[PDB]
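Inspection log for the structure reproduced underneath, given as structure tokens.
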Amino acid sequence: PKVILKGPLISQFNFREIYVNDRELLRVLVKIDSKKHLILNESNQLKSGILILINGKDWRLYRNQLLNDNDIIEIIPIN
């Protein structure tokens with residue numbers, strides 16, 4: 001799947017878009033957030049003020065189902 005960063009996350013991660021082979025959302029986030037811990041707490045739980053869209057829809061609707069290779073994951077910070 002394709003990961004797109006929005007807002008301050010772009011400068012904080014130092015990239016805007018990246019592809020990852022992971023089909024499990026948590027693993028996608030861990031690969032992105034590996035040595036930085038910017039969007040995940042130590043418990044790998046998402047930090048507050050971060051939303052995730054999968055193909056334009058809130059991630060929680062998907063119930064941790066298999067991601068397809070062509071899915072677009074948007075990570076969006078909010079106030």
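Each chain of the structure tokens is named A, B, ... in the order shown, its residues numbered from 1; ligands are numbered from 1 in display order.
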Please return as an NGL selection string: the residues of chain A that backbone DSSP assigns to strand (DSSP E).
:A and (2-5 or 17-19 or 50-54 or 57-58 or 72-77)
Selected residues, N, CA, C and O atoms, written as a short mmCIF file (atom, residue, chain, number, x, y, z; two decimals), in the first residue's frame, please.
data_model
loop_
_atom_site.label_atom_id
_atom_site.label_comp_id
_atom_site.auth_asym_id
_atom_site.auth_seq_id
_atom_site.Cartn_x
_atom_site.Cartn_y
_atom_site.Cartn_z
N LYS A 2 0.18 2.37 -0.40
CA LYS A 2 0.80 3.68 -0.47
C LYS A 2 0.42 4.49 0.76
O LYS A 2 -0.76 4.60 1.10
N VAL A 3 1.43 5.04 1.44
CA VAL A 3 1.21 5.90 2.60
C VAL A 3 1.47 7.36 2.22
O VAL A 3 2.52 7.69 1.67
N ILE A 4 0.50 8.22 2.51
CA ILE A 4 0.63 9.65 2.28
C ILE A 4 0.56 10.41 3.60
O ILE A 4 -0.39 10.26 4.37
N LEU A 5 1.58 11.23 3.87
CA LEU A 5 1.61 12.04 5.07
C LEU A 5 1.03 13.42 4.78
O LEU A 5 1.20 13.95 3.68
N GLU A 17 5.34 10.85 0.63
CA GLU A 17 4.69 9.61 0.22
C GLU A 17 5.71 8.49 0.15
O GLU A 17 6.86 8.70 -0.22
N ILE A 18 5.25 7.29 0.50
CA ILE A 18 6.11 6.12 0.49
C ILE A 18 5.25 4.87 0.33
O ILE A 18 4.12 4.82 0.83
N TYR A 19 5.76 3.88 -0.40
CA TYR A 19 5.09 2.59 -0.52
C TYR A 19 5.66 1.61 0.49
O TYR A 19 6.85 1.63 0.79
N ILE A 50 -4.08 12.20 15.62
CA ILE A 50 -3.73 11.54 14.36
C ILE A 50 -4.90 10.71 13.85
O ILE A 50 -5.42 9.85 14.56
N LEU A 51 -5.29 10.98 12.61
CA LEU A 51 -6.34 10.22 11.95
C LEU A 51 -5.75 9.46 10.78
O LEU A 51 -4.76 9.91 10.18
N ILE A 52 -6.33 8.31 10.47
CA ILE A 52 -5.89 7.52 9.33
C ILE A 52 -7.06 7.24 8.40
O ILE A 52 -8.10 6.73 8.82
N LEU A 53 -6.87 7.59 7.13
CA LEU A 53 -7.83 7.25 6.09
C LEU A 53 -7.27 6.13 5.24
O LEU A 53 -6.09 6.14 4.88
N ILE A 54 -8.11 5.15 4.94
CA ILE A 54 -7.79 4.12 3.97
C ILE A 54 -8.74 4.29 2.79
O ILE A 54 -9.94 4.10 2.93
N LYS A 57 -11.54 6.70 3.67
CA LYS A 57 -12.45 6.35 4.76
C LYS A 57 -11.69 6.07 6.06
O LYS A 57 -10.58 5.55 6.03
N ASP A 58 -12.31 6.41 7.18
CA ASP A 58 -11.70 6.20 8.50
C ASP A 58 -11.27 4.74 8.71
O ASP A 58 -12.04 3.81 8.47
N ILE A 72 -4.62 3.26 -0.52
CA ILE A 72 -3.98 4.53 -0.19
C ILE A 72 -4.26 4.88 1.27
O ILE A 72 -5.41 5.07 1.66
N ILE A 73 -3.19 4.96 2.05
CA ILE A 73 -3.28 5.26 3.47
C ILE A 73 -2.83 6.69 3.75
O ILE A 73 -1.66 7.01 3.56
N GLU A 74 -3.75 7.53 4.20
CA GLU A 74 -3.41 8.92 4.53
C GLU A 74 -3.31 9.08 6.04
O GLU A 74 -4.24 8.74 6.76
N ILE A 75 -2.17 9.60 6.50
CA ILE A 75 -1.98 9.87 7.92
C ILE A 75 -2.05 11.38 8.13
O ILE A 75 -1.22 12.13 7.62
N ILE A 76 -3.07 11.80 8.88
CA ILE A 76 -3.44 13.21 8.99
C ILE A 76 -3.42 13.68 10.44
O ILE A 76 -4.16 13.16 11.27
N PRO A 77 -2.58 14.69 10.75
CA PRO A 77 -2.64 15.26 12.09
C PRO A 77 -3.75 16.31 12.23
O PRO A 77 -4.01 17.04 11.28
#
Apply DSSP to the backbone of this structure and, from chain A, keep only the residues in helix (DSSP H, G or I); write these as a VMD selection string.
chain A and resid 9 to 13 25 to 32 59 to 62
Using only C-alpha atoms: which of A:47, A:21, A:38, A:30 has the shortest distance to residue 9 (chain A)
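So, comparing all the options, the nearest one is A:38.
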Between CA of residue 40 (chain A) and CA of residue 28 (chain A), distance in Å (one decimal):
11.4 Å
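Shortest separation to residue 69 (chain A) among A:12, A:32, A:7, A:25 occurs at residue A:25, atoms counted being only C-alpha atoms.
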